[PDB]
Student: 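Could you have a look at this structure, given as structure tokens, before my questions?
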Amino acid sequence: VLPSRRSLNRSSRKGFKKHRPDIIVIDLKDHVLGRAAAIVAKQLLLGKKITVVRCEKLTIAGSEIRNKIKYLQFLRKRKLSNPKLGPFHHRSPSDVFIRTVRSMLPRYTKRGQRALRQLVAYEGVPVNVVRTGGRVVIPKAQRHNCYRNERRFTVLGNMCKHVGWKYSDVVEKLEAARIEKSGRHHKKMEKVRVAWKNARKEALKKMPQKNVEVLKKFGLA
Amino acid sequence: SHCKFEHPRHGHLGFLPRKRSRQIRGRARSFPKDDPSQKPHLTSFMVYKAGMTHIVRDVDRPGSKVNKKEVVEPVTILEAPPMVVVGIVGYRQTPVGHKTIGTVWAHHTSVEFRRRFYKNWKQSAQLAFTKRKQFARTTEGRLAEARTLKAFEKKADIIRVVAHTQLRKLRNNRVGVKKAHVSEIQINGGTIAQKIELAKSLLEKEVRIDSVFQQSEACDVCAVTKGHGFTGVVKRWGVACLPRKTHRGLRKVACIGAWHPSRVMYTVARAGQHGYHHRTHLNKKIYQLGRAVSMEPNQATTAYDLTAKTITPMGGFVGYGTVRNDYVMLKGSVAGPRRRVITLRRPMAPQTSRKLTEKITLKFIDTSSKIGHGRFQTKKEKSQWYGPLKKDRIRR
RNA sequence: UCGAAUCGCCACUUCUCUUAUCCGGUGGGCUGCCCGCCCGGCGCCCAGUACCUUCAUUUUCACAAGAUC
RNA sequence: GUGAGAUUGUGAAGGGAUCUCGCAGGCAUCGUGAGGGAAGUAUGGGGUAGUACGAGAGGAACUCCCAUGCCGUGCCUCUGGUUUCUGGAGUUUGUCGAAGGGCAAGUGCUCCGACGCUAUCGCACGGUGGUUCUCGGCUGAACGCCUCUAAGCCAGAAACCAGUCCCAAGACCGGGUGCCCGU
RNA sequence: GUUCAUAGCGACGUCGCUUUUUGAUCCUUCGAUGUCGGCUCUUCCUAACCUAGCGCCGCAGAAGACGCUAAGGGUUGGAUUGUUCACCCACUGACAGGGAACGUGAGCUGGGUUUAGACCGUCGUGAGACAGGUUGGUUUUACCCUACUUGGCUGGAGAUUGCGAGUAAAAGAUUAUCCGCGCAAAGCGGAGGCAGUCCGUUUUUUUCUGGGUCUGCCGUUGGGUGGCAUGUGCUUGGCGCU
RNA sequence: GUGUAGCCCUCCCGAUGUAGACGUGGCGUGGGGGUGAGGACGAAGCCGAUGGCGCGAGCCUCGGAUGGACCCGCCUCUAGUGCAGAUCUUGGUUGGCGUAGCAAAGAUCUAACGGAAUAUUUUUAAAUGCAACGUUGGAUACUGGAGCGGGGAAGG
RNA sequence: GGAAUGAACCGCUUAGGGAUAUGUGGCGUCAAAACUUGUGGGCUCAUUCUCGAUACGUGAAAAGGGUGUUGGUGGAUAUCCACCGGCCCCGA
RNA sequence: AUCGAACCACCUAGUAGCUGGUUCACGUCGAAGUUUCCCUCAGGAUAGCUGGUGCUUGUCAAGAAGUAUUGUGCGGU
RNA sequence: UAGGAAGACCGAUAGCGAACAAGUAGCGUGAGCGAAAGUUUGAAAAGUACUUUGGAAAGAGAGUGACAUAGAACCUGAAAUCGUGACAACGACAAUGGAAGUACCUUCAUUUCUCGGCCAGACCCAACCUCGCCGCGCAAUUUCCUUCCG
Ligand SMILES: [Mg+2]
Ligand SMILES: [Mg+2]
Ligand SMILES: [Mg+2]
Ligand SMILES: [Mg+2]
Ligand SMILES: [Mg+2]
Ligand SMILES: [Mg+2]
Ligand SMILES: [Mg+2]
Ligand SMILES: [Mg+2]
Ligand SMILES: [Mg+2]
Ligand SMILES: [Mg+2]
Ligand SMILES: [Mg+2]
Ligand SMILES: [Mg+2]
Ligand SMILES: [Mg+2]
Ligand SMILES: [Mg+2]
Ligand SMILES: [Mg+2]
Ligand SMILES: [Mg+2]
Ligand SMILES: [Mg+2]
Ligand SMILES: [Mg+2]
Ligand SMILES: [Mg+2]
Ligand SMILES: [Mg+2]
Ligand SMILES: [Mg+2]
Ligand SMILES: [Mg+2]
Ligand SMILES: [Mg+2]
Ligand SMILES: [Mg+2]
Ligand SMILES: [Mg+2]
Ligand SMILES: [Mg+2]
Ligand SMILES: [Mg+2]
Ligand SMILES: [Mg+2]
Ligand SMILES: [Mg+2]
Ligand SMILES: [Mg+2]
Ligand SMILES: [Mg+2]
Ligand SMILES: [Mg+2]
Ligand SMILES: [Mg+2]
Ligand code: NA
Ligand code: NA
Ligand code: NA
Ligand code: NA
Ligand code: NA
């Protein structure tokens, strides 16, 4: 994915500087794992580019002990003759989500393999996607719309930590820094936000009165 | 049907595959856990194997049958010329592992270090590090170095130093390699700022083994074992031989699997490469830390044996020669043949047992010849047994 | 060298938390009702809501014959 | 566009047209670690102690200390085994005239024998944290009593997961660094 | 079971599980799937013999009985017999039960079973018979594909193509138009000058050029101070040189 | 005017199928009787990213930088008349494959000569002509008189 | 054409092709259809062969139990007893 | 190189209810594994199921019907 | 033993075993068994003198002949299998196959070139098939609606 010299010369000759394709960034905090994967799988097949973040905050219905036992039963399956050929049991939350999505795709055709290549999964919000725009959610897979309040659920990050994931503390430290850095900057840049709101209110007093009457009729000001 | 009688399986399945080691030098895969309370210090060293001998000492072990009595213990002698520190590296932690941040190089480096980056040094242009030398000390070069050191302080997690051996000072006739061996040594203890301060003071300087290890301490050994080439199942795995009347040979495994599954499994012994594997062994006590013979010649003289002698046996170590530099005496054996490069590291397992904390006081060191049955400790002793010989008569 | 498919962008979006929750926050009076108080944006044809000015013969659809990289 | 080539079935110049390939990396080092493998396990003695308990008869165990069995990873200082160093010596038959030096008997045979390889027949070494099961409890309703359970919490098996250990980027590392080349 | 149905048992009855016994059937194989046992080697199951932790007793202690989680580890040396099975001697913490084409013959062995020679008993007029006893009786082929064990060579992200552009990177005239400190702050620091040329839609325009020059710095001429493990490179301090 | 390149135009009802039966102005091959053509300005045969026609068996055209002397359409007669397999017959070719191997009877060395078998380079000597053969002299060693000694029979 | 898979089950039975509509079976992704339909009711929480979920297909299960939770019937008193169902749990 | 009956040529292409094979296209139709007899049970003959050729006729229906209704008989699950 | 007539016969794996130095070569102690093989170059040997490399075999030229890719067991010269030049791409589903398109070739067939038998779009008539909008009949709408009191 690192550009070669050939790409650099071609871009320099034609005067191309930067390019960003159309990508949707999904915040997967407090989303149901199975329902989020099913919706994402169909959109990938329709030709969308999707990047998901905060995969460690996905939720699964049931107690943690029940889901932990479920994973351990999966870990027991291996090719006895040569386990290095057998099924591979990935342990990170982003790898678990990618495996779940892969099971909902035609993975043994070129069309299915291409669709899987269009998905990128992260733990937390990495520095290269922080400033890329506003994140989105999936209302049909949100926890407060799917589970009854009295049921018990499992957070994917806590489940993975006890079956082999080794970077739970690293992700937690990185998230704390990001919240501090983003919170400071958003406390800044408030004077400009207030100034812009004040300018709009100062308008409707200098702008033509006929256009003000139209705005009132349509309920805009 | 079940097997008629039970016995434990042959061999350890955690040391697979039994393939040739990728490198010939011993490399530590992990370093001891960092303790920020202690002072910054190095954690490993590189030495060369010379040979073996044995010693006599008195043991202090209450409740034992040998308490306050003499024992004989074989030991291993390893030559340890001082190392040179040339670089600093820093690491940062990411959700996918550790990543290198950058490298700070020393301004002056020796020819033996720069020999490592060439296949034919004497017939090349020898241009390595020439451009960096022209730029490092300028105003822009100083600014670039400060930028890298600022990155180390701000966001690094682990600090390591790049060091190399001095084969020129180890004037061995049988070790043919002239390019130095390069490795990384982690710095443990103190904060990140204190770690960097120690590394800068160490740049372009020598480090002696006595400043890393102490006598009566334990250590870990990383080395590659002796090779044996293609080997049968009897030697490779230790299976039992078959009766004498066996058609088509008896040094085999009779049954290599059942009908189902219809394939051979990875747990069955087969013939292949044996030896030349990387191994890490634990808890080797340090019996002596000797200094170079040029400074103090009475290396093998103890408080109970006043004979003046060096550590090299009569006639020299077989296939190695003389020990001319600092050395370390380890109890027991270490992997690999003579002349191989071996890495010693600080212990990983807890060190609190009575055996591990015992204080060692040597009483006798053997220096007889390892060729034949040596019966003279020194050259003077042999010339006292024999009188003047025929050749001496010619001289006088 | 290359003729190519893609056709919103922002240094107001590009911080956080909740849903048994003051749906912007936050008090008082007598369960629940009543009464208070303070505070996404642009973009679609004049760089701006005036009514000034060039568009053709590419003469009835055809990948926008134009843009971006 | 440019640099190379090709257009091979009934002959030779010359021109044209078209079709293919190249137009950017190379070598050398220090590292990361997803995934896979996975290992240590038992007994005895000292002391507790002739103690607890028991009318007597009899009769235990934990911290701690010292060894050993089975297994695993290595090594050759010592001891033992092995000799085509045909090393040194000795000895039989034949043979070069004798002696000397040898030689033939697919290594004549005997003794000692280095280097190397090798034996529990010799020697060294074999770690750290969590989640839980059975079970025992704490608060506590349902059910103005009670209750280890309904919500919640504690401690916790040779079991399970990770660390240490072995292979390791078809796990395609936008990890670092050195020099040459190109833009 | 001194009493006491249920510590431990449990008749008369009744409900199940398993495929490690033997039967019942005859679906596949008769232009052939090598038929007992032992040796060797790996793995799986739990209905737990020993090893870890527990509950309960007709558990005072010691030794034990019953039950729960648990298959990580261990489970022997011999006499007789072809034996599986059986039965004794001995050690031990313990000498648990089973599966994998009744695991395993192009891995072995060939004692037994089941050809041809021969002896005995019983049966048959006889040739001969006996799931009765006995002795002697050729064990063939891998260089192919896969699996497994080691051993090397080498491409490749549109997983060989597209030019089909997503960094677990930075932080701004849209990353361009310099650096250092600082919180994506507030704020505060440093920066050589002169002449041409060659190109140019403006803001002290881009380059290329020339001397005059001043730091940091190379390679140097020699000189003396010194450190390092002491033949080889450094730190000094000047000289004239980019 | 059963059956076609169906005499032509409307309308209605059925259409699969093992063993098996039957139909076809249904296809193809060797030869006889008739009729009509073709060929050195090139017959049969053979080759094909040569297309066209037919549901199909097949038919026809094109090209040959192939060939060198015969052959076909239509109506009828006649038969040794159509192939993918029979552990089918006879030839040819084939992966395995430069593979498995060419391992009893002890063994050869050296100089000169001979030989086309060298001392073979244009683009100092070694790193660019290797390997192997016979005779003679010398060396080493085997057969060891029940001999890789010297003569005969049978057989040749 | 359906029941993932199957000679015999379900639907339907077949000249070469379009348009329209159905049968059996379905409408979270694989995979066409409720881009997870209703402005419809209830019931269920199930720790190592892991609650349950398309008949034929026994092609996985009993006797006997539960103060789990949700409904009935018959008696008593200003809540108590006896009996019978649904789903789930032990037996496994 | 042959022996619980040698070798060569011939009768001999010996017989086989048993195993193997059996060469172009389209179209109209399209089954049976059941009955009786057979030294019959891995085979035949015989009736049934099928194809071909028709004959005699009719055209809304004769000697039509795997179906009802009405009337009248039979029966021992 | 001499001759004649022929054939809806076979046409070199056929026809006699034998179209040829065939009951021959070869096999078996013997009685006996028993093949393969068209010399079919060309009308005519005119069967390649001579130069050059090579020890030779042969190669490169030259020549005869209408043709030598008719060069000597030489007419025609198929398939199986192999080499070479150019090109097409291609992961690992063993290949092969069916259906429907597309990207590059091919220049095979047919049509057209001032009218076209080519490619699109809109409009008109008939037929068939949909959607909007507006409604009706019936004691179905009295186990009902409303007011007041008990
Ligand atoms: Mg066992
Ligand atoms: Mg044998
Ligand atoms: Mg020695
Ligand atoms: Mg792991
Ligand atoms: Mg594992
Ligand atoms: Mg000798
Ligand atoms: Mg001799
Ligand atoms: Mg000896
Ligand atoms: Mg068979
Ligand atoms: Mg067989
Ligand atoms: Mg077999
Ligand atoms: Mg069985
Ligand atoms: Mg068996
Ligand atoms: Mg066998
Ligand atoms: Mg056997
Ligand atoms: Mg076998
Ligand atoms: Mg016998
Ligand atoms: Mg039909
Ligand atoms: Mg048929
Ligand atoms: Mg004929
Ligand atoms: Mg025939
Ligand atoms: Mg044929
Ligand atoms: Mg070979
Ligand atoms: Mg051999
Ligand atoms: Mg001899
Ligand atoms: Mg001799
Ligand atoms: Mg769909
Ligand atoms: Mg016949
Ligand atoms: Mg047949
Ligand atoms: Mg029909
Ligand atoms: Mg009869
Ligand atoms: Mg013939
Ligand atoms: Mg020819
Ligand atoms: Na044998
Ligand atoms: Na159990
Ligand atoms: Na002789
Ligand atoms: Na049959
Ligand atoms: Na013949």
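Residue numbering restarts at 1 for every chain, and letters A, B, ... go by the order of the sequence lines. Both backbone and side-chain heavy atoms feed into the values below; hydrogens, waters and symmetry mates do not.
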Student: Within the pair B/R9 and D/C70, is there a side-chain N or O less than 4.0 Å away from OP1 or OP2?
Tutor: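 No, no such contact exists.
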
Student: Which glycosidic conformation, syn or anti, is assigned to D/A13 if syn requires a torsion within 90° of zero?
Tutor: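 Nucleotide D/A13 adopts syn.
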
Student: Does a side-chain N or O from A/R184 land closer than 4.0 Å to OP1 or OP2 of E/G182, or not?
Tutor: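 So the side chain of A/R184 is outside the cut-off, no N or O lying under 4.0 Å from OP1 or OP2 of E/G182.
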
Student: Just N and O in the side chain of B/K99: are any of them under 4.0 Å from OP1 or OP2 of E/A169?
Tutor: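 So the side chain of B/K99 is within the cut-off, an N or O lying under 4.0 Å from OP1 or OP2 of E/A169.
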
Student: Would you kindly give the NE2-to-P distance between A/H162 and D/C161, to the nearest whole Å?
Tutor: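 About 15 Å, once rounded to whole Å.
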
Student: With respect to the phosphate group of E/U230, does any side-chain polar atom (N or O) of B/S294 fall under 4.0 Å of OP1 or OP2?
Tutor: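 For E/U230, OP1/OP2 do not have a side-chain N/O of B/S294 under 4.0 Å.
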
Student: Could you tell me whether the phosphate oxygens of E/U175, OP1 or OP2, come under 4.0 Å of any side-chain nitrogen or oxygen in A/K17?
Tutor: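 Result: yes.
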
Student: Quick one: does any side-chain atom of A/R20 pair with a main-chain N or O of A/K18 as donor and acceptor, under 3.5 Å?
Tutor: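 Checking the backbone N and O of A/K18 against the side chain of A/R20, no donor-acceptor pair under 3.5 Å is found.
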
Student: In the strands shown, is H/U50 matched to any nucleotide by a Watson-Crick or G-U wobble pair with both distances under 3.5 Å, and which?
Tutor: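 No nucleotide pairs with H/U50.
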
Student: Taking the six-membered rings only, are the centres of D/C76 and D/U77 under 5.5 Å apart with their planes within less than 30° of each other?
Tutor: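 No, the criteria are not both met.
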
Student: For E/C163 and A/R10 - does any side-chain N or O of the residue sit under 4.0 Å from the phosphate oxygens OP1/OP2?
Tutor: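 Checking A/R10 against E/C163: no side-chain N or O falls below 4.0 Å of OP1 or OP2.
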
Student: Taking only the side-chain nitrogens and oxygens of B/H7, find out if one of them lies under 4.0 Å from OP1 or OP2 of E/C41.
Tutor: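 Result: yes.
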
Student: Under 3.5 Å for both donor-acceptor distances, Watson-Crick or wobble: does I/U107 have a partner, and if so which one?
Tutor: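 The base-pairing partner of I/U107, which may sit in any strand shown, does not exist here.
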
Student: Just N and O in the side chain of B/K33: are any of them under 4.0 Å from OP1 or OP2 of D/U164?
Tutor: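 Indeed not, no polar side-chain atom of B/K33 lies that close.
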
Student: Would you indicate which nucleotide in G/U50, E/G103, D/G127 comes nearest to any side-chain atom of B/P350?
Tutor: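 The closest nucleotide is D/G127.
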
Student: Using only side-chain N and O atoms of B/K4, determine if any of them is under 4.0 Å from OP1 or OP2 of E/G38.
Tutor: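 Yes, within the criterion.
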
Student: In this structure, how many angstroms lie between the P atom of E/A170 and the CG atom of A/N128, rounded?
Tutor: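 Result: 8 Å.
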
Student: Can D/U2 be described as syn, meaning its chi torsion is within 90° of 0, or is it anti?
Tutor: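 It is syn.
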
Student: Stacking between D/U77 and B/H54, yes or no? Criterion: centroid separation under 5.5 angstrom, plane angle under 30 degrees.
Tutor: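 The base of D/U77 is not stacked with B/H54 (the test needs centres under 5.5 Å and planes under 30°).
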
Student: Which nucleotide in the list C/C15, D/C179, E/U140 gets nearest to the side chain of B/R248?
Tutor: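 Ranking C/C15, D/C179, E/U140 by closest atom to the B/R248 side chain puts E/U140 first.
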
Student: Please determine, for the side chain of B/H373, which listed nucleotide (E/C234, D/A114, C/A50) has the closest atom?
Tutor: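 Closest nucleotide to the B/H373 side chain: D/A114.
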
Student: Any strand counts, and the cut-off is 3.5 Å on both contacts for Watson-Crick or G-U wobble. Which nucleotide pairs with E/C123?
Tutor: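 When the pairing criteria are applied, E/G128 turns out to be the nucleotide that pairs with E/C123.
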
Student: Between B/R208 and B/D326, does any side-chain N to carboxylate O distance fall below 4.0 Å?
Tutor: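 Yes.
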
Student: When you measure from the side-chain N and O atoms of B/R338 to the phosphate of D/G116, is any distance below 4.0 Å, counting only OP1 and OP2?
Tutor: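 Answer is yes, contact under 4.0 Å.
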
Student: In whole angstrom, what separates A/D22's CG from C/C7's P?
Tutor: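 Distance, rounded to whole Å: 8 Å.
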
Student: Name the pairing partner of G/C51, where a pair is Watson-Crick or G-U wobble with both distances under 3.5 Å, or state none.
Tutor: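 For G/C51, the partner nucleotide comes out as none, under the 3.5 Å rule.
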
Student: Reckon B/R208 touches a base, only the sugar-phosphate, or nothing at all at heavy-atom distances under 4.0 Å?
Tutor: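 Base contact.
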
Student: Quick one: closest heavy-atom pair of B/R61 and B/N67, and the distance?
Tutor: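 Minimum heavy-atom separation between B/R61 and B/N67: N-OD1, 3.0 Å.
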
Student: Closest-nucleotide mapping onto RNA chain D: is B/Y91 or A/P3 further toward the 5' terminus? I mean the 5' end.
Tutor: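 Final value for this comparison: B/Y91.
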
Student: Whole angstroms only, please: what is the CG-P distance between B/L170 and E/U232?
Tutor: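 The answer, rounded to whole Å, is 14 Å.
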
Student: Can you tell me the base-pairing partner of I/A12? Count Watson-Crick or G-U wobble geometry only, both distances below 3.5 Å, and say none if there is no partner.
Tutor: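 When the pairing criteria are applied, nothing turns out to pair with I/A12, so the answer is none.
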
Student: Under 4.0 Å, counting only non-hydrogen atoms across every strand here, what does A/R76 touch: a base, just sugar-phosphate, or nothing?
Tutor: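 Here A/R76 touches no strand at all.
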
Student: Does E/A159 have OP1 or OP2 under 4.0 Å away from a side-chain N or O of A/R117?
Tutor: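 True: A/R117 side-chain N/O within range (under 4.0 Å) of E/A159 OP1/OP2.
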
Student: Tell me whether the side-chain N or O atoms of B/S333 pair up with the base of D/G74 as donor and acceptor below 3.5 Å, since no angle test is needed here.
Tutor: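 Donor-acceptor pair under 3.5 Å: yes.
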
Student: With both distances under 3.5 angstrom, what nucleotide forms a Watson-Crick or G-U wobble pair with C/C30?
Tutor: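 Paired with C/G32.
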
Student: Grab the CG-P distance between B/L16 and E/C148 for me, whole Å please.
Tutor: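 After rounding, the reported distance stands at 13 Å.
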
